[PDB]
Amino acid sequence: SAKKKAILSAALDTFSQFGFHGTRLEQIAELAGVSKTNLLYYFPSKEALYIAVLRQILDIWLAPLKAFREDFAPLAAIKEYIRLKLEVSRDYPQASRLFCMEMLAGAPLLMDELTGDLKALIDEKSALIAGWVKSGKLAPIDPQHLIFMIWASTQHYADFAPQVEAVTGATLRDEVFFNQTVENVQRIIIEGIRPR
């Protein structure tokens, strides 16, 4: 059995409901079917567990962007990235919300992950996208700002779901709304970067 995974999943739900400071390791333990000491065998502190949870989300989010290669068809790759990001917003919204919460507080526990591994990845893949700009496979846009727009637009549907629901009546659990959302976000970003 996958007790580490059960703890991570329980932690996500607890952290998302109570925040870092309000959350007690006893709450997570009980939710995951383990004792507090058992939990401490996998994660030596609440801090370590929290960082582990946010690393899970990062890996899920960044998987498609890691996969980008020079020889990929740029528009198709970016279309697919948008779709996959929206699937994450549909399937792991509480994680998206927790990551956002950490940013709102100034990234006190996650800053190192952003300045190190994230920055290095985005430099690498920005150069790759810049190469597509120079080839004329994309219109002249800044790679970093393109990336941020993908992140912001796709994560909005989870992080701002109450507002989305108030305005539209819907959520990403509605299959028709999910599809419309994918089509429109793709339409705007893709037509914005298509070479003319």
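Start at 1 and count along the sequence shown; that's the residue number.
Visitor: Between 163-171 and 147-155, name whichever shows the higher mean Cα B factor according to the PDB entry.
Guide: Taking the mean C-alpha B-factor of 163-171 and of 147-155, the larger value falls to 163-171.
Visitor: With reference to the PDB entry, specify whether the mean Cα temperature factor is higher for 79-87 or for 107-115.
Guide: It is 107-115.
Visitor: Of the three thirds of its chain by CA temperature factor, lowest, middle or highest, which one includes residue 9?
Guide: It falls in the middle third of the chain.
Visitor: Taking the entry's C-alpha B-factors for this chain, is residue 178 in the lowest, middle or highest third?
Guide: For residue 178, whose C-alpha B-factor we compare with every modelled residue in the chain, the answer is the lowest third.
Visitor: Select lowest, middle or highest to describe the third in which the CA B-factor of residue 99 falls within its chain in this entry.
Guide: CA B-factor rank for residue 99: lowest third.
Visitor: How does the C-alpha B factor of residue 46 compare with the rest of the chain: lowest, middle or highest third?
Guide: Middle third - that is where residue 46 ends up once the chain's C-alpha B-factors are sorted.
Visitor: Among all modelled residues of this chain, ranked by Cα B factor, put residue 39 in the bottom, middle or top third, i.e. lowest, middle or highest.
Guide: Lowest third, going by the recorded CA B-factors of the chain.
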